[PDB]
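Novice: Dropping the structure in here first, questions after.
Here Cβ is always computed from backbone atoms with ideal geometry, including for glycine, and neighbour counts include all displayed protein chains. Just so it is clear, none of the values below were taken in a lab; they were calculated from the coordinates.
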RNA sequence: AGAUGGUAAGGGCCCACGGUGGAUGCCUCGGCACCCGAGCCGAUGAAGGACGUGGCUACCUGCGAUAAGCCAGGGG
RNA sequence: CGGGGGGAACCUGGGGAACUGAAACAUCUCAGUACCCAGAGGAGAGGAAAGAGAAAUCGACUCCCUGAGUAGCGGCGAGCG
RNA sequence: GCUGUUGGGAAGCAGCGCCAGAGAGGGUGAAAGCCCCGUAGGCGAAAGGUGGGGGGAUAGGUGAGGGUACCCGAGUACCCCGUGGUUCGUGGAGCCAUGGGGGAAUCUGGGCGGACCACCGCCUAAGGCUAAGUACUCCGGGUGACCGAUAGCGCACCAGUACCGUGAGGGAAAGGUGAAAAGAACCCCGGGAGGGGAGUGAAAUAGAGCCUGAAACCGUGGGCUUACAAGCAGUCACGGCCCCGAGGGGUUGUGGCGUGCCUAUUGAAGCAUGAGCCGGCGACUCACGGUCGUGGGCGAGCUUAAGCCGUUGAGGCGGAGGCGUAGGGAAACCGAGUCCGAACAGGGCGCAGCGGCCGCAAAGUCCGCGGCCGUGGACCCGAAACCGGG
RNA sequence: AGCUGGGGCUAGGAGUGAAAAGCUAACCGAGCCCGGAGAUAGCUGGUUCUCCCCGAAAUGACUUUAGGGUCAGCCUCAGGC
RNA sequence: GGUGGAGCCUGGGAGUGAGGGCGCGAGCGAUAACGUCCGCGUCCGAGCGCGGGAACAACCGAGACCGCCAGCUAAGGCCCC
RNA sequence: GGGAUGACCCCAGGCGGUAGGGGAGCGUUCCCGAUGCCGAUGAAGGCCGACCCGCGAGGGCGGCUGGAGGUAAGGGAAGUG
RNA sequence: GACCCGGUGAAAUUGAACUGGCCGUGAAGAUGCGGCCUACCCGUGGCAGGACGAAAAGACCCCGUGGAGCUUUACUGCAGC
Ligand SMILES: NC(=[NH2+])NCCC[C@H](N)C(=O)O
Ligand SMILES: [Mg+2]
Ligand SMILES: [Mg+2]
Ligand SMILES: [Mg+2]
Ligand SMILES: [Mg+2]
Ligand SMILES: [Mg+2]
Ligand SMILES: [Mg+2]
Ligand SMILES: [Mg+2]
Ligand SMILES: [Mg+2]
Ligand SMILES: [Mg+2]
Ligand SMILES: [Mg+2]
Ligand SMILES: [Mg+2]
Ligand SMILES: [Mg+2]
Ligand SMILES: [Mg+2]
Ligand SMILES: [Mg+2]
Ligand SMILES: [Mg+2]
Ligand SMILES: [Mg+2]
Ligand SMILES: [Mg+2]
Ligand SMILES: [Mg+2]
Ligand SMILES: [Mg+2]
Ligand SMILES: [Mg+2]
Ligand SMILES: [Mg+2]
Ligand SMILES: [Mg+2]
Ligand SMILES: [Mg+2]
Ligand SMILES: [Mg+2]
Ligand SMILES: [Mg+2]
Ligand SMILES: [Mg+2]
Ligand SMILES: [Mg+2]
Ligand SMILES: [Mg+2]
Ligand SMILES: [Mg+2]
Ligand SMILES: [Mg+2]
Ligand SMILES: [Mg+2]
Ligand SMILES: [Mg+2]
Ligand SMILES: [Mg+2]
Ligand SMILES: [Mg+2]
Ligand SMILES: [Mg+2]
Ligand SMILES: [Mg+2]
Ligand SMILES: [Mg+2]
Ligand SMILES: [Mg+2]
Ligand SMILES: [Mg+2]
Ligand SMILES: [Mg+2]
Ligand SMILES: [Mg+2]
Ligand SMILES: [Mg+2]
Ligand SMILES: [Mg+2]
Ligand SMILES: [Mg+2]
Ligand SMILES: [Mg+2]
Ligand SMILES: [Mg+2]
Ligand SMILES: [Mg+2]
Ligand SMILES: [Mg+2]
Ligand SMILES: [Mg+2]
Ligand SMILES: [Mg+2]
Ligand SMILES: [Mg+2]
Ligand SMILES: [Mg+2]
Ligand SMILES: [Mg+2]
Ligand SMILES: [Mg+2]
Ligand SMILES: [Mg+2]
Ligand SMILES: [Mg+2]
Ligand SMILES: [Mg+2]
Ligand SMILES: [Mg+2]
Ligand SMILES: [Mg+2]
Ligand SMILES: [Mg+2]
Ligand SMILES: [Mg+2]
Ligand SMILES: [Mg+2]
Ligand SMILES: [Mg+2]
Ligand SMILES: [Mg+2]
Ligand SMILES: [Mg+2]
Ligand SMILES: [Mg+2]
Ligand SMILES: [Mg+2]
Ligand SMILES: [Mg+2]
Ligand SMILES: [Mg+2]
Ligand SMILES: [Mg+2]
Ligand SMILES: [Mg+2]
Ligand SMILES: [Mg+2]
Ligand SMILES: [Mg+2]
Ligand SMILES: [Mg+2]
Ligand SMILES: [Mg+2]
Ligand SMILES: [Mg+2]
Ligand SMILES: [Mg+2]
Ligand SMILES: [Mg+2]
Ligand SMILES: [Mg+2]
Ligand SMILES: [Mg+2]
Ligand SMILES: [Mg+2]
Ligand SMILES: [Mg+2]
Ligand SMILES: [Mg+2]
Ligand SMILES: [Mg+2]
Ligand SMILES: [Mg+2]
Ligand SMILES: [Mg+2]
Ligand SMILES: [Mg+2]
Ligand SMILES: [Mg+2]
Ligand SMILES: [Mg+2]
Ligand SMILES: [Mg+2]
Ligand SMILES: [Mg+2]
Ligand SMILES: [Mg+2]
Ligand SMILES: [Mg+2]
Ligand SMILES: [Mg+2]
Ligand SMILES: [Mg+2]
Ligand SMILES: [Mg+2]
Ligand SMILES: [Mg+2]
Ligand SMILES: [Mg+2]
Ligand SMILES: [Mg+2]
Ligand SMILES: [Mg+2]
Ligand SMILES: [Mg+2]
Ligand SMILES: [Mg+2]
Ligand SMILES: [Mg+2]
Ligand SMILES: [Mg+2]
Ligand SMILES: [Mg+2]
Ligand SMILES: [Mg+2]
Ligand SMILES: [Mg+2]
Ligand SMILES: [Mg+2]
Ligand SMILES: [Mg+2]
Ligand SMILES: [Mg+2]
Ligand SMILES: [Mg+2]
Ligand SMILES: [Mg+2]
Ligand SMILES: [Mg+2]
Ligand SMILES: [Mg+2]
Ligand SMILES: [Mg+2]
Ligand SMILES: [Mg+2]
Ligand SMILES: [Mg+2]
Ligand SMILES: [Mg+2]
Ligand SMILES: [Mg+2]
Ligand SMILES: [Mg+2]
Ligand SMILES: [Mg+2]
Ligand SMILES: [Mg+2]
Ligand SMILES: [Mg+2]
Ligand SMILES: [Mg+2]
Ligand SMILES: [Mg+2]
Ligand SMILES: [Mg+2]
Ligand SMILES: [Mg+2]
Ligand SMILES: [Mg+2]
Ligand SMILES: [Mg+2]
Ligand SMILES: [Mg+2]
Ligand SMILES: [Mg+2]
Ligand SMILES: [Mg+2]
Ligand SMILES: [Mg+2]
Ligand SMILES: [Mg+2]
Ligand SMILES: [Mg+2]
Ligand SMILES: [Mg+2]
Ligand SMILES: [Mg+2]
Ligand SMILES: [Mg+2]
Ligand SMILES: [Mg+2]
Ligand SMILES: [Mg+2]
Ligand SMILES: [Mg+2]
Ligand SMILES: [Mg+2]
Ligand SMILES: [Mg+2]
Ligand SMILES: [Mg+2]
Ligand SMILES: [Mg+2]
Ligand SMILES: [Mg+2]
Ligand SMILES: [Mg+2]
Ligand SMILES: [Mg+2]
Ligand SMILES: [Mg+2]
Ligand SMILES: [Mg+2]
Ligand SMILES: [Mg+2]
Ligand SMILES: [Mg+2]
Ligand SMILES: [Mg+2]
Ligand SMILES: [Mg+2]
Ligand SMILES: [Mg+2]
Ligand SMILES: [Mg+2]
Ligand SMILES: [Mg+2]
Ligand SMILES: [Mg+2]
Ligand SMILES: [Mg+2]
Ligand SMILES: [Mg+2]
Ligand SMILES: [Mg+2]
Ligand SMILES: [Mg+2]
Ligand SMILES: [Mg+2]
Ligand SMILES: [Mg+2]
Ligand SMILES: [Mg+2]
Ligand SMILES: [Mg+2]
Ligand SMILES: [Mg+2]
Ligand SMILES: [Mg+2]
Ligand SMILES: [Mg+2]
Ligand SMILES: [Mg+2]
Ligand SMILES: [Mg+2]
Ligand SMILES: [Mg+2]
Ligand SMILES: [Mg+2]
Ligand SMILES: [Mg+2]
Ligand SMILES: [Mg+2]
Ligand SMILES: [Mg+2]
Ligand SMILES: [Mg+2]
Ligand SMILES: [Mg+2]
Ligand SMILES: [Mg+2]
Ligand SMILES: [Mg+2]
Ligand SMILES: [Mg+2]
Ligand SMILES: [Mg+2]
Ligand SMILES: [Mg+2]
Ligand SMILES: [Mg+2]
Ligand SMILES: [Mg+2]
Ligand SMILES: [Mg+2]
Ligand SMILES: [Mg+2]
Ligand SMILES: [Mg+2]
Ligand SMILES: [Mg+2]
Ligand SMILES: [Mg+2]
Ligand SMILES: [Mg+2]
Ligand SMILES: [Mg+2]
Ligand SMILES: [Mg+2]
Ligand SMILES: [Mg+2]
Ligand SMILES: [Mg+2]
Ligand SMILES: [Mg+2]
Ligand SMILES: [Mg+2]
Ligand SMILES: [Mg+2]
Ligand SMILES: [Mg+2]
Ligand SMILES: [Mg+2]
Ligand SMILES: [Mg+2]
Ligand SMILES: [Mg+2]
Ligand SMILES: [Mg+2]
Ligand SMILES: [Mg+2]
Ligand SMILES: [Mg+2]
Ligand SMILES: [Mg+2]
Ligand SMILES: [Mg+2]
Ligand SMILES: [Mg+2]
Ligand SMILES: [Mg+2]
Ligand SMILES: [Mg+2]
Ligand SMILES: [Mg+2]
Ligand SMILES: [Mg+2]
Ligand SMILES: [Mg+2]
Ligand SMILES: [Mg+2]
Ligand SMILES: [Mg+2]
Ligand SMILES: [Mg+2]
Ligand SMILES: [Mg+2]
Ligand SMILES: [Mg+2]
Ligand SMILES: [Mg+2]
Ligand SMILES: [Mg+2]
Ligand SMILES: [Mg+2]
Ligand SMILES: [Mg+2]
Ligand SMILES: [Mg+2]
Ligand SMILES: [Mg+2]
Ligand SMILES: [Mg+2]
Ligand SMILES: [Mg+2]
Ligand SMILES: [Mg+2]
Ligand SMILES: [Mg+2]
Ligand SMILES: [Mg+2]
Ligand SMILES: [Mg+2]
Ligand SMILES: [Mg+2]
Ligand SMILES: [Mg+2]
Ligand SMILES: [Mg+2]
Ligand SMILES: [Mg+2]
Ligand SMILES: [Mg+2]
Ligand SMILES: [Mg+2]
Ligand SMILES: [Mg+2]
Ligand SMILES: [Mg+2]
Ligand SMILES: [Mg+2]
Ligand SMILES: [Mg+2]
Ligand SMILES: [Mg+2]
Ligand SMILES: [Mg+2]
Ligand SMILES: [Mg+2]
Ligand SMILES: [Mg+2]
Ligand SMILES: [Mg+2]
Ligand SMILES: [Mg+2]
Ligand SMILES: [Mg+2]
Ligand SMILES: [Mg+2]
Ligand SMILES: [Mg+2]
Ligand SMILES: [Mg+2]
Ligand SMILES: [Mg+2]
Ligand SMILES: [Mg+2]
Ligand SMILES: [Mg+2]
Ligand SMILES: [Mg+2]
Ligand SMILES: [Zn+2]
């Protein structure tokens, strides 16, 4: 039915793996289909573009590329530490994301 | 007969061990290694745990080196599969009453 | 013992005869089957147990004997299975058709008839028929024959 | 499917207790007036069939 | 007096690299076999279709002039 | 109020071959199978003894095992069962 | 579950830890119990559907002796004639069914127990209904000592499609870049296609006509060799040149020898058959029964089948039954004997472990394995033809 | 007794046939498709790795049998004498 | 006497049942046929592997496990090839 | 014959071969072995090899390609050349 | 048209080819065996003597206990009368 994302645009995430592993930033977009994500300044790549009215003078343009979701990990704003996402049943009785390192919330 | 030859082999090796009960296990794997540790079951040897006590079978069944079975299902292949063999005197008892 | 240790005894799992796989096997080409002929052909020969090549068969040429039966068919008359004395040594006391069945001596549905090839034992025996020889041995050996109805 | 007992045999022949094939004697069905008394007499008896032919007539009797 | 080499129009064998071609190896949404589950639809117009349908739309899907869709309840 | 038509096979009823096997072939077999038709349903058929058949007994029907390739059937041939 | 490390990428190797009623599996830049989807274990439905289990209703259910002799399923039972079904092919031919003819009875009735008669017994036709246990698999799910793009369904891809046929009907071929398009801006030769640098990437003979890229087939360069030779083309010896560092590799001038492969044949190089070449598909199996052999288990005893329980790649139960323990005879029937026979005659088919109670061996039987046989397409491909419905 | 467009009817042991067994969708002594179906084929062909030991027959008898088969003969293997 | 891939017995698996040349004994044929039909034997078949025979399955020689740039022989050969 | 048993050693003899019988092995797909071992310091596959062991079918070693799989001793089952 | 030049570019066939003649031989009609003669390597336009040339698993002939059509005082059945 739905693609399960433990991360959503645009909370703060830890590039767990990959070439930019360890780096941190916001999630600039979420791609469920490919189950990937774009992160600010991460997976940067140089891409070519025609001498086009949008891109006069030709040249290349740094694009931010997507990453597989299993590579990204959220950062609890409380303990500031990357954590696995549990899910808490409030008395709303809504369900909310909460850090597993500490009971903090993540939105 | 092959169900008695199987055991006996492990008996010749002394790899066979029985126990009255399992002291303090109640459905948590870690409640078992502490036991198995004190029984000389270090994990260096694959083991066939053969008892009726469910909780016990549930504690160690996830364990990479333990084969669980209700003694009502003790079979040669699983015996030979293993390096040791453990039983309740219960599981021991019904065993007797099947090769008899 | 150990799985790698488990061999079968030598000779109890023989290979197979693959025919048609090369000159080396000595079974290639004609597949141990000959050259031409109805026998090499697929399907092959009529039942060699009987057919003989056209001539009247050995069995069809033999005469038929006795009653072959008729419809509705078999007639039901009580049937007797005989057991020899020596086969009765193992028991003590009182023999009946039942026990001799559960022992594995007399089949069900048949009646019990004692034979004499052996030696009687001073035993109470119950049956549906004895032999002249069997009786003499049975009454002489201090036994108690007991016919049934 | 299981094998079917050939009745053409079970009506003519009979397997002994040792594994032999015994069929009645051929010749005295008819045309017997000028035959001997020895020839009628002897032909009224069974005869053990030749080993090869009997072996065949037993594979037809798989259940006797 | 005599005797013996170098030519290669092209051919042949051998090594090197490529062209063509798509075997082989790994892969797999798909297919096969068994066990279980489940089992009718239809004049309240079925099964299956035609023609249409998007702002731009060849085909496929989805839908029916309310036409990738309208209402309501539940889930997320 | 109901019917009509569709459904991959499965089911019951009305009809129903042949090659082939019999080392030819006609009775026989292949087989009431393949196929056609009507019908039904999630199942259909069968089903509460005017039965079986020798136990002085069994107790509707259906299906599987077994009885059994037994009893019997058959140009007593092939084969059927 | 972090770190450190090589690396394009860690899930790899090292150190220190942890969970486990979860170490099934699949993903993530490679090989992750603890990163993502999941797994064990638990939760869950306002509305439609189902509801064979639970509770409640309702239609429906029920006594005994005595006398009465009204009823008890009609062109039916019953007889004959013609058929069909049953194992029954007219057979001694009953039973069930019925196209034709004749044509009753109501318990003191009638059908049945294999023609018929009697005795004894079983049943109670000519109206109907009836769950489950049973069969199939368009559908959904789980699982495989099932296939892995000539395989597996005819289709892994826009397939019952393109194309063939008037029509029923026939019926394909065709998958893969990369971790990520970051899919090659810009410049250069060219009309373009295509390429040459630049640039991306770990890799560009991974450049989209893309993973690996074999073989036939084609071509460029190089070494040896060939224009007086002859031949199934190769083999042996020698010699010359080239390469590699008392030896080896490639090549071939001369001398010797030499009638392809397969097939079918008394016999082929054979002017007998098949094959242009290469790559892939391509033919002795399976189930039941039988018969020898064999490794084991038990052994006058061996063994269960469908099923019931258990398991979720756990096994155990189940003795109905089958083979064996006795054979001979057409059979009654006798039985270690029996049959032909008057026979105590003669003949046919039959009849009887090893050491010191023990152990060991065995008739037999059971599962495995193997060869062969019977039944089915039964080693693979191939007819001309028969038949049925369209 | 002509030729011809268009609308129609007649079909598989059946149709048409100024008759040839011609025609019936480019081969008609019984059309085509699909099915029974993997019909049958005692005929021809084809049957895929290696090494090791032995090693035939093309005879006789019967055979609607003669280019196929049953038994014996000659080969082979295991056990026994 | 003979200890041989000799023989007897029981049992499993086959293939063969289209032979051909030579020599001797015959028939048939013409005291023909690379003719045909039997008998004893031999060889090819299966030794189309080797030597001789100019070349050639069956005439002479001789039964090939493999390797040698060692020796002796059989048929047949020794002027040259 | 050793020695005791397939330990390897010595002596002697056998070993042409179609149909065909028999025996011992190689190799391909798959399963247990395997929650294991091999693998990015490079799997399977592919091109070379004049080297190693094997009678041979085949098995290792090395170099280039290749870029994520492979799978031992010992056994089991086949769509096995 | 054929033949030369530029442009496009098939076919059946094809064991592999390094493919001469004569007298002999051989499964009896040899480019491929034996002896001898001849012959420098590759081509183009031509002619058809041989590769028992190509094509179609001989229409003829026989074989098969193959088929099918036609026939009758062959056998046995059916419609029909
Ligand atoms: N408790 C038991 N009986 N366990 C038996 C094994 C079950 C299952 N196959 C497992 O490995 O988890
Ligand atoms: Mg870091
Ligand atoms: Mg988690
Ligand atoms: Mg293990
Ligand atoms: Mg475990
Ligand atoms: Mg096997
Ligand atoms: Mg088998
Ligand atoms: Mg052979
Ligand atoms: Mg063999
Ligand atoms: Mg053959
Ligand atoms: Mg054979
Ligand atoms: Mg055979
Ligand atoms: Mg052949
Ligand atoms: Mg033949
Ligand atoms: Mg033959
Ligand atoms: Mg066939
Ligand atoms: Mg046949
Ligand atoms: Mg009888
Ligand atoms: Mg008898
Ligand atoms: Mg007689
Ligand atoms: Mg008489
Ligand atoms: Mg008489
Ligand atoms: Mg006389
Ligand atoms: Mg007289
Ligand atoms: Mg008499
Ligand atoms: Mg029986
Ligand atoms: Mg018996
Ligand atoms: Mg040159
Ligand atoms: Mg040149
Ligand atoms: Mg040359
Ligand atoms: Mg290349
Ligand atoms: Mg390509
Ligand atoms: Mg694989
Ligand atoms: Mg998939
Ligand atoms: Mg599909
Ligand atoms: Mg089925
Ligand atoms: Mg449905
Ligand atoms: Mg809404
Ligand atoms: Mg809504
Ligand atoms: Mg809501
Ligand atoms: Mg809502
Ligand atoms: Mg309907
Ligand atoms: Mg019917
Ligand atoms: Mg009809
Ligand atoms: Mg017929
Ligand atoms: Mg058939
Ligand atoms: Mg038959
Ligand atoms: Mg048949
Ligand atoms: Mg027939
Ligand atoms: Mg026949
Ligand atoms: Mg016929
Ligand atoms: Mg029938
Ligand atoms: Mg029907
Ligand atoms: Mg209808
Ligand atoms: Mg219907
Ligand atoms: Mg049901
Ligand atoms: Mg019903
Ligand atoms: Mg009633
Ligand atoms: Mg029985
Ligand atoms: Mg039976
Ligand atoms: Mg008869
Ligand atoms: Mg029948
Ligand atoms: Mg780094
Ligand atoms: Mg790390
Ligand atoms: Mg795992
Ligand atoms: Mg699990
Ligand atoms: Mg995984
Ligand atoms: Mg792995
Ligand atoms: Mg993982
Ligand atoms: Mg669960
Ligand atoms: Mg619930
Ligand atoms: Mg009442
Ligand atoms: Mg009353
Ligand atoms: Mg009355
Ligand atoms: Mg009938
Ligand atoms: Mg009659
Ligand atoms: Mg009848
Ligand atoms: Mg009856
Ligand atoms: Mg009537
Ligand atoms: Mg009465
Ligand atoms: Mg009456
Ligand atoms: Mg009646
Ligand atoms: Mg009657
Ligand atoms: Mg009656
Ligand atoms: Mg009755
Ligand atoms: Mg009666
Ligand atoms: Mg009466
Ligand atoms: Mg009755
Ligand atoms: Mg009634
Ligand atoms: Mg009914
Ligand atoms: Mg029902
Ligand atoms: Mg039911
Ligand atoms: Mg499914
Ligand atoms: Mg796979
Ligand atoms: Mg596979
Ligand atoms: Mg493909
Ligand atoms: Mg395909
Ligand atoms: Mg592929
Ligand atoms: Mg057509
Ligand atoms: Mg069309
Ligand atoms: Mg067609
Ligand atoms: Mg397509
Ligand atoms: Mg990719
Ligand atoms: Mg440009
Ligand atoms: Mg330009
Ligand atoms: Mg330009
Ligand atoms: Mg370009
Ligand atoms: Mg370029
Ligand atoms: Mg770069
Ligand atoms: Mg690298
Ligand atoms: Mg590389
Ligand atoms: Mg490359
Ligand atoms: Mg590449
Ligand atoms: Mg890949
Ligand atoms: Mg490529
Ligand atoms: Mg390429
Ligand atoms: Mg060159
Ligand atoms: Mg000269
Ligand atoms: Mg020269
Ligand atoms: Mg020399
Ligand atoms: Mg040196
Ligand atoms: Mg010479
Ligand atoms: Mg030479
Ligand atoms: Mg020679
Ligand atoms: Mg020759
Ligand atoms: Mg030929
Ligand atoms: Mg010939
Ligand atoms: Mg030649
Ligand atoms: Mg030639
Ligand atoms: Mg031929
Ligand atoms: Mg050929
Ligand atoms: Mg071709
Ligand atoms: Mg090929
Ligand atoms: Mg085959
Ligand atoms: Mg076989
Ligand atoms: Mg099969
Ligand atoms: Mg089988
Ligand atoms: Mg067997
Ligand atoms: Mg046992
Ligand atoms: Mg038992
Ligand atoms: Mg006697
Ligand atoms: Mg005697
Ligand atoms: Mg024993
Ligand atoms: Mg057995
Ligand atoms: Mg056999
Ligand atoms: Mg079949
Ligand atoms: Mg077959
Ligand atoms: Mg075919
Ligand atoms: Mg066919
Ligand atoms: Mg006909
Ligand atoms: Mg006809
Ligand atoms: Mg007109
Ligand atoms: Mg007209
Ligand atoms: Mg018209
Ligand atoms: Mg018509
Ligand atoms: Mg017709
Ligand atoms: Mg028709
Ligand atoms: Mg029709
Ligand atoms: Mg007509
Ligand atoms: Mg047509
Ligand atoms: Mg035509
Ligand atoms: Mg016809
Ligand atoms: Mg036509
Ligand atoms: Mg059809
Ligand atoms: Mg059929
Ligand atoms: Mg036929
Ligand atoms: Mg090969
Ligand atoms: Mg002969
Ligand atoms: Mg005979
Ligand atoms: Mg005759
Ligand atoms: Mg002849
Ligand atoms: Mg024979
Ligand atoms: Mg022997
Ligand atoms: Mg000897
Ligand atoms: Mg010999
Ligand atoms: Mg011999
Ligand atoms: Mg033999
Ligand atoms: Mg013959
Ligand atoms: Mg001949
Ligand atoms: Mg022949
Ligand atoms: Mg002959
Ligand atoms: Mg002869
Ligand atoms: Mg001759
Ligand atoms: Mg000659
Ligand atoms: Mg001669
Ligand atoms: Mg002389
Ligand atoms: Mg002479
Ligand atoms: Mg002579
Ligand atoms: Mg003579
Ligand atoms: Mg002569
Ligand atoms: Mg001749
Ligand atoms: Mg002859
Ligand atoms: Mg031959
Ligand atoms: Mg010779
Ligand atoms: Mg010889
Ligand atoms: Mg010779
Ligand atoms: Mg040769
Ligand atoms: Mg040759
Ligand atoms: Mg020679
Ligand atoms: Mg010579
Ligand atoms: Mg010479
Ligand atoms: Mg010799
Ligand atoms: Mg000398
Ligand atoms: Mg000379
Ligand atoms: Mg000369
Ligand atoms: Mg040899
Ligand atoms: Mg020798
Ligand atoms: Mg020899
Ligand atoms: Mg052979
Ligand atoms: Mg052997
Ligand atoms: Mg073998
Ligand atoms: Mg192997
Ligand atoms: Mg292989
Ligand atoms: Mg595993
Ligand atoms: Mg693995
Ligand atoms: Mg790397
Ligand atoms: Mg590398
Ligand atoms: Mg593989
Ligand atoms: Mg491998
Ligand atoms: Mg490699
Ligand atoms: Mg993987
Ligand atoms: Mg493996
Ligand atoms: Mg192994
Ligand atoms: Mg195993
Ligand atoms: Mg295959
Ligand atoms: Mg195959
Ligand atoms: Mg010019
Ligand atoms: Mg030109
Ligand atoms: Mg040729
Ligand atoms: Mg020349
Ligand atoms: Mg001549
Ligand atoms: Mg000549
Ligand atoms: Mg010449
Ligand atoms: Mg020449
Ligand atoms: Mg030559
Ligand atoms: Mg020559
Ligand atoms: Mg020319
Ligand atoms: Mg010419
Ligand atoms: Mg010419
Ligand atoms: Mg010309
Ligand atoms: Mg010519
Ligand atoms: Mg020529
Ligand atoms: Mg010509
Ligand atoms: Mg032609
Ligand atoms: Mg022709
Ligand atoms: Mg032909
Ligand atoms: Mg032909
Ligand atoms: Mg021909
Ligand atoms: Mg012909
Ligand atoms: Mg004919
Ligand atoms: Mg005939
Ligand atoms: Mg014939
Ligand atoms: Mg005819
Ligand atoms: Mg009429
Ligand atoms: Mg009339
Ligand atoms: Zn936190």
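Novice: Does any residue in region C:101-118 that is under 12 Å from residue C:82 (Cα atoms) come within less than 6 Å, Cβ to Cβ, of a residue that is within 16 Å of ligand 18 (Cβ to nearest atom) six or more places away or on a different chain, and which pairs are these?
Specialist: Once the first residue is under 12 Å from residue C:82 (Cα atoms) and sits in region C:101-118, its partners that are within 16 Å of ligand 18 (Cβ to nearest atom) give C:110/C:79.
Novice: In this structure, is residue C:62 surrounded by 10 or more Cβ atoms within 10 Å (Cβ to Cβ), free of Cβ contacts under 8 Å to residues at least 24 places away in the same chain and either away from ligand 15 (no atom under 16 Å from the Cβ) or not in a loop (DSSP other than H, G, I, E, B) (or both)?
Specialist: Values: surrounded by 10 or more Cβ atoms within 10 Å (Cβ to Cβ): yes; free of Cβ contacts under 8 Å to residues at least 24 places away in the same chain: yes; either away from ligand 15 (no atom under 16 Å from the Cβ) or not in a loop (DSSP other than H, G, I, E, B) (or both): yes.
Against the criterion (surrounded by 10 or more Cβ atoms within 10 Å (Cβ to Cβ), free of Cβ contacts under 8 Å to residues at least 24 places away in the same chain and either away from ligand 15 (no atom under 16 Å from the Cβ) or not in a loop (DSSP other than H, G, I, E, B) (or both)), residue C:62 qualifies.
Novice: Further, regarding this structure: Only one of C:85, C:3, C:45 is surrounded by 10 or more Cβ atoms within 10 Å (Cβ to Cβ), over 24 Å from residue D:55 (Cβ atoms) and in contact with a helix residue (DSSP H, G or I) (Cβ under 8 Å, 6 or more places away or on another chain). Can you tell me which?
Specialist: After applying the criteria, what remains is C:85.
Conditions (1) in contact with a strand residue (DSSP E or B) (Cβ under 8 Å, 6 or more places away or on another chain); (2) more than 14 Å from chain D (Cβ to nearest Cβ); (3) over 30 Å from residue C:30 (Cβ atoms), marked per residue:
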| site | (1), (2), (3) |
| --- | --- |
| C:41 | no, yes, no |
| C:45 | no, no, no |
| C:51 | no, no, no |
| C:55 | no, no, no |
| C:59 | yes, no, yes |
| C:71 | no, yes, yes |
| C:78 | yes, yes, yes |
| C:82 | yes, yes, yes |
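Novice: Follow-up. With respect to residue D:21, determine if the residue is within 16 Å of ligand 18 (Cβ to nearest atom), in contact with a helix residue (DSSP H, G or I) (Cβ under 8 Å, 6 or more places away or on another chain) and within 15 Å of residue C:60 (Cα to Cα).
Specialist: In short, no.
Novice: With the checklist (1) exposed (fewer than 13 other Cβ atoms within 10 Å of the Cβ); (2) within 14 Å of ligand 21 (Cβ to nearest atom); (3) within 11 Å of chain C (Cβ to nearest Cβ) in hand, flag the one item residue D:52 doesn't pass.
Specialist: (2)
Novice: Just for region D:1-43: of the residues that are more than 11 Å from every other protein chain (Cβ to nearest Cβ) and within 12 Å of the chain's Cα centre (by Cα), which one is surrounded by the fewest Cβ atoms within 10 Å (Cβ to Cβ)?
Specialist: D:16
Novice: Let me ask another. Taking the conditions exactly as written (within 16 Å of ligand 180 (Cβ to nearest atom) and in a loop (DSSP other than H, G, I, E, B)), does residue C:33 satisfy them or not? If you could, list the steps in order and put the result at the bottom.
Specialist: Details: within 16 Å of ligand 180 (Cβ to nearest atom): yes; in a loop (DSSP other than H, G, I, E, B): yes.
Taking the combined requirement at face value, the residue satisfies it.
Novice: Given A:46, A:9, A:26, which one is free of Cβ contacts under 8 Å to residues at least 40 places away in the same chain and assigned to a loop (DSSP other than H, G, I, E, B)?
Specialist: A:9
Novice: For region B:7-14, indicate whether the set of residues that are within 14 Å of another protein chain (Cβ to nearest Cβ), assigned to a loop (DSSP other than H, G, I, E, B) and either within 28 Å of residue B:100 (Cβ to Cβ) or within 16 Å of ligand 23 (Cβ to nearest atom) (or both) is non-empty.
Specialist: yes
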